[PDB]
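Colleague: how does the following fold in three dimensions:
(chains A, B, C, D, E, F and G)
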Amino acid sequence: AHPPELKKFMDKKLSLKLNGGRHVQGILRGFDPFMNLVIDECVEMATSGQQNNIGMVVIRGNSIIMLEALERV
Amino acid sequence: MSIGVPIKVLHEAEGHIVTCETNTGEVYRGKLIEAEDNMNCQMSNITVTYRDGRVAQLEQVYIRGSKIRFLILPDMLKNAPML
Amino acid sequence: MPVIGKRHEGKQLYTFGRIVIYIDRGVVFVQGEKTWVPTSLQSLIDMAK
Amino acid sequence: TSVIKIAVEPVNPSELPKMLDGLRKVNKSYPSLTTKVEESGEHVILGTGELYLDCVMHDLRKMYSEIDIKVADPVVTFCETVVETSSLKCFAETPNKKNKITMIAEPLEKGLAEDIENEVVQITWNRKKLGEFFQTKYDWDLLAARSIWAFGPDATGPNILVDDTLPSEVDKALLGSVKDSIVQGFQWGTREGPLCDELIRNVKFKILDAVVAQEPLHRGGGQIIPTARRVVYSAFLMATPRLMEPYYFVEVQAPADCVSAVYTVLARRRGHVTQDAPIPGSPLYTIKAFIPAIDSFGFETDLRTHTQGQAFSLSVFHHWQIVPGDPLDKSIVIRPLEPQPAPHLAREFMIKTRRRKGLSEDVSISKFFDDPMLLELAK
Amino acid sequence: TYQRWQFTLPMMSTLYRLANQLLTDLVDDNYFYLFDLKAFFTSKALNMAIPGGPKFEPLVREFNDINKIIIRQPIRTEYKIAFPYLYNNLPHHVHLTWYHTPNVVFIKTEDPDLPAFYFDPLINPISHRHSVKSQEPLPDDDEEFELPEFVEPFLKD
Amino acid sequence: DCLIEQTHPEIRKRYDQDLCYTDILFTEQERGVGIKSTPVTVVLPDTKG
RNA sequence: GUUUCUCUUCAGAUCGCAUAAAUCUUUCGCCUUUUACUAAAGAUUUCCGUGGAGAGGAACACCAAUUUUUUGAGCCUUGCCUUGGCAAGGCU
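Modeller: Numbers count the residues shown, from 1 in each chain, chains lettered A, B, ... in the order given. This is the structure:
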């Protein structure tokens, strides 16, 4: 079927690497057929390593180019 | 439906060791686990080469389909009953 | 004493002191280096001291 | 367990080395097969059942040897057991007279012998864990249950050696030096058994005295080990010995009208029926029964012929059960060609096995008992 | 030349019951257990007869200690047909007999009025009805699964 | 047999008679009872291919 | 193209879901003798039929909305590289 087999990764702690050289790290709970993610406890990794905290975020599917686990399935 | 010969060879590739290069220029080298019909791969136990030289090891990774621009499938597959 | 769990030609092996023997309806065969040697009872005793 | 026993001899004695070559080749082919030569010089083949042995005998003749071989009638292995407590405390003194061992034999309380073959308890376990098992399940005294020394004739054998001697009466340190020798003889004695050179089963042995020489030469080997074997035999013979026959479990499919015929065939062969039920969503009926393995020979061919081929039966090995009769009853006369009355069976089976083994027809009690104990038996 | 014939099933279904007086109603070959061609050959290669079988002129024209033999039951001649390498010596030219076939269980419908598939009374009623009712992983009701418009049971027409 | 027939195109069952492929012994085929554990190694596809 | 008839060749096959006789060598049996026999084995042939192939005759005849194909394009600055370009980096 069309959904990504992302079911494994849920509630484990992800890093993402986003289009345009951006990085965010997250505990995950969402996916839909386009891979639109809903990330929780989401940190923004700025260029300089000055880190922000931000709340729950949606991501557009096409913006992702990798999706990595910081703590295992 | 006519999902042709290449994606079947991708499913055939699973459980081996494949190399996989993304738009940005990062080169991954990892053991495959599953691959979907739009080429979303999961990959395990990777040694990644960065664009500028550096190596790193990784636990597990999932690589969006449209973001790839080759895989290096393991040569023994040339015999496979898809071909 | 019997050599527990080991047999030769289906016959039960016994130890006689330090000697490995089997009995074939009274004939004493001593385990030599590569062959079983039929042995008199007296010579069995005098090899087992 | 490969319970069914047939014996072979070659038609020409000069050809006997060729037969041995054949026997080694089948032994590789069939995993559960056991080939043994007993003290009588009989070549013996053990097998799980009728059709199993039939294929073994085909392969021996046609595939490997290509010689003429005589085949003896099928027989079953028997086991030796006790049903009652030893009437007399049996003691044996070693040949140097410097050591005295006393034992008694009793049955394993209806069940424990099964559990050990199922590996539910193991002598590799610590004595506390061993003690807890025996106390909780079987209500052993913990003092007894800690005092367990071996299983026999092997590490999962259905017989247990218990040291019931008090430390105030026997020096446990001195006893401990000779402990290992006792175990060895105990396993040995259970392996042979005194009635017909078949295994001892379901017997619990307690030691109730040990006099041990202070000098290492006189204890701890050549004196103790046969004497230990002898005292085990004396204790067993006084504890009302009995033979155990193997029973098969049988399952039969048949149409309803054939069911009554199945009962008839079983009744000839000392069979007992334990279930008979319709299998749901079919016309056939299952029947289930126990039958004695020695009586089982030909049963399948009987059942199918009487029921016009409609019934069919498979058979598998299951519990040992005590043979009717007394094996030591000298009064019984066995008349060679007749199918003997049931009370005689224990007498019959013991004699004929010994004959087949080449043993003396009757057990000289004097052989194993010391002269004071024979005087005690006389008194 | 009248070599080959090809008939429809209503023809065959009639011809069978015209012939019915001659035929025998054995559904399966289990009946002939030691009564087939192979069993007789064993009874001819040995010199020893099956009770109801035919008879022939024979093809040809310590260990034996009776006191060691437990004559529990007589070695009835059928047994030497069934296992000719065990209960017998010198099995020259003997044939292995076909051991068994599974009991064909066919239920003859007596009258054509009844539906062809029906729980005929000869068949034992299935006692089973889930009493200790198990809660195996059946998905929850209305959990987002619906079929497309036109799927149906394959041969429903 | 049905695996082998799927896997080996030249091999087909006879219409009248079962193709007992693993029953390699005449003895075994005469009885109609399997008597030896016979191994078979084949590669055969999943639903995924 | 379907039937037919004839010829040639190979038959491994329940060549046949059926079942005959003959010869020879032996073991037998009634038996003056011999056919004609008996009934088992083996080697053999004969006969009633058959299949496959080939030759020839005859008779009737569709979607541009993230996952590929209707585009995040395109533009600069640094180092090296003889130049060319490469490694990038930064932009809108």
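Colleague: identify the residues contacting the closest residue to chain F within the stretch 1-150 of chain D.
Modeller: Closest residue of the stretch 1-150 of chain D to chain F, C-beta to the nearest C-beta: residue D:55 (5.5 Å). From N, CA and C alone the C-beta is placed, and that goes for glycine too. For residue D:55, the contacting residues are E:85, F:27, F:35, by C-beta atoms under 8 Å, 6 or more residues apart in numbering or on different chains.
Colleague: next up, the contacts around the second one.
Modeller: By that I understand residue F:27. If a contact means C-beta under 8 Å, 6+ apart, then residue F:27 has D:55, D:58, D:59, E:96, F:35 as its contacts.
Colleague: do the last one as well
Modeller: If a contact means C-beta under 8 Å, 6+ apart, then residue F:35 has D:55, F:25, F:27, F:28 as its contacts.
Colleague: element containing the closest residue to residue D:59 other than its chain neighbours, please.
Modeller: Distances taken as C-beta to C-beta, 6 or more residues apart in numbering or on different chains put residue D:26 closest to residue D:59, at 5.7 Å, once the chain neighbours are dropped. Using DSSP states H and E, residue D:26 maps to helix D:16-29.
Colleague: packing partners for that helix?
Modeller: strand D:4-10, strand D:34-37 (3 or more C-beta pairs under 8 Å, 6 or more residues apart in numbering or on different chains; DSSP states H and E).
Colleague: strand partners (parallel or antiparallel) of the longest one?
Modeller: Within its sheet, and counting by DSSP bridges, strand D:4-10 is paired with strand D:43-47 (antiparallel), strand D:69-71 (antiparallel), strand D:75-76 (antiparallel).
Colleague: can you list contacts of the last one?
Modeller: Yep, that's strand D:75-76 we're talking about. D:3, D:4, D:5, D:6, D:7, D:245, D:246, D:293, D:294, D:356, E:70.
Colleague: at 10 Å what do you get?
Modeller: Strand D:75-76 is contacted by residues D:3-7, D:44, D:245-246, D:248, D:292-297, D:317, D:349, D:352-353, D:356, E:68-70, E:72 when judged by C-beta atoms under 10 Å, 6 or more residues apart in numbering or on different chains.
Colleague: wouldn't residue E:25 be in contact with residue E:108 here?
Modeller: Yes - at 8.4 Å, residue E:25 counts as touching residue E:108 under the criterion of C-beta atoms under 10 Å.
Colleague: nearest spatial neighbour of the closest residue to chain C within the stretch 201-350 of chain D, skipping sequence neighbours?
Modeller: Nearest to chain C, among the residues of the stretch 201-350 of chain D, is residue D:225, at 6.0 Å (C-beta to the nearest C-beta). Distances taken as C-beta to C-beta, 6+ apart place residue D:185 nearest to residue D:225, at 4.4 Å, with adjacent residues excluded.
Colleague: and the gap between the one you found and chain A?
Modeller: 59 Å (C-beta to the nearest C-beta, to the nearest Å).
Colleague: same question for residue D:254.
Modeller: Residue D:254 is 52 Å from chain A, by C-beta to the nearest C-beta.
Colleague: how much space between the closest residue to that residue other than its chain neighbours and residue E:79?
Modeller: Nearest in space to residue D:254, with sequence neighbours left out and distances taken as C-beta to C-beta, 6+ apart, is residue D:311 at 4.1 Å. Going from residue D:311 to residue E:79 by C-beta to C-beta, to the nearest Å gives 17 Å.
Colleague: returning to that earlier point: could I get the strands paired with strand D:4-10 as TSV with distance to residue C:21 and mean neighbour count?
Modeller: Listed next are the strands paired with strand D:4-10 as TSV, based on distance: least, C-beta to C-beta, whole Å; neighbours: other C-beta atoms under 10 Å in any protein chain shown:
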stretch	distance to residue C:21	mean neighbour count
strand D:43-47	21	21
strand D:69-71	30	17
strand D:75-76	28	22
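Colleague: of all these, which one is nearest residue F:19?
Modeller: Residue F:19 lies closest to strand D:43-47 among these, at 30.6 Å (C-beta to C-beta).
Colleague: center of the chain - which residue?
Modeller: The chain I'm using is chain A. The residue lying closest to the centre of chain A (C-alpha atoms, centre = their mean) is residue A:16, at 4.5 Å.
Colleague: I was after chain E.
Modeller: Ranked by distance to the mean C-alpha position of chain E (C-alpha atoms, centre = their mean), the top residue is residue E:103 at 3.6 Å.
Colleague: over to residue 39: give its phi and psi.
Modeller: Assuming you mean chain A. The phi/psi pair for residue A:39 (degrees, to the nearest 10) reads phi -100, psi 150.
Colleague: you looked at the wrong chain, it should be chain F
Modeller: Main-chain dihedrals, residue F:39, degrees, to the nearest 10: phi -80, psi 150.
Colleague: next SSE downstream of the host helix or strand of residue B:11?
Modeller: Assigned by DSSP H and E, residue B:11 belongs to helix B:5-13. Once helix B:5-13 ends, the next helix or strand along the chain (criterion: DSSP H and E) is strand B:17-22.
Colleague: output the following helix or strand past that following strand as CSV - backbone C-alpha positions only.
Modeller: With elements assigned by DSSP H and E, the helix or strand that comes after strand B:17-22 is strand B:27-35. Extracted in CSV, the C-alpha atoms of strand B:27-35 (Å, rounded to 0.1, in the frame of the first residue of the first chain):
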residue,chain,number,x,y,z
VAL,B,27,27.5,8.5,0.3
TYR,B,28,25.9,5.8,2.5
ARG,B,29,27.2,2.2,2.8
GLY,B,30,24.9,0.0,4.8
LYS,B,31,23.0,-3.2,5.1
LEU,B,32,19.5,-3.0,3.6
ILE,B,33,16.4,-4.1,5.5
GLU,B,34,13.4,-3.2,3.4
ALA,B,35,12.7,-1.2,0.3
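Colleague: strand partners of strand B:27-35, parallel vs antiparallel please.
Modeller: When DSSP bridges is applied, strand B:27-35 pairs with strand B:17-22 (antiparallel), strand B:41-49 (antiparallel).
Colleague: redo those strands as CSV? Include mean neighbour count and distance to residue D:80.
Modeller: As requested, those are exported to CSV (neighbours: other C-beta atoms under 10 Å in any protein chain shown; distance: least, C-beta to C-beta, whole Å):
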stretch, mean neighbour count, distance to residue D:80
strand B:17-22, 18, 64
strand B:41-49, 19, 62
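Colleague: mind putting those in a markdown table, distance to residue D:210 included?
Modeller: Converted to a markdown table, these look like this (distance: least, C-beta to C-beta, whole Å):
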| stretch | distance to residue D:210 |
| --- | --- |
| strand B:17-22 | 68 |
| strand B:41-49 | 64 |
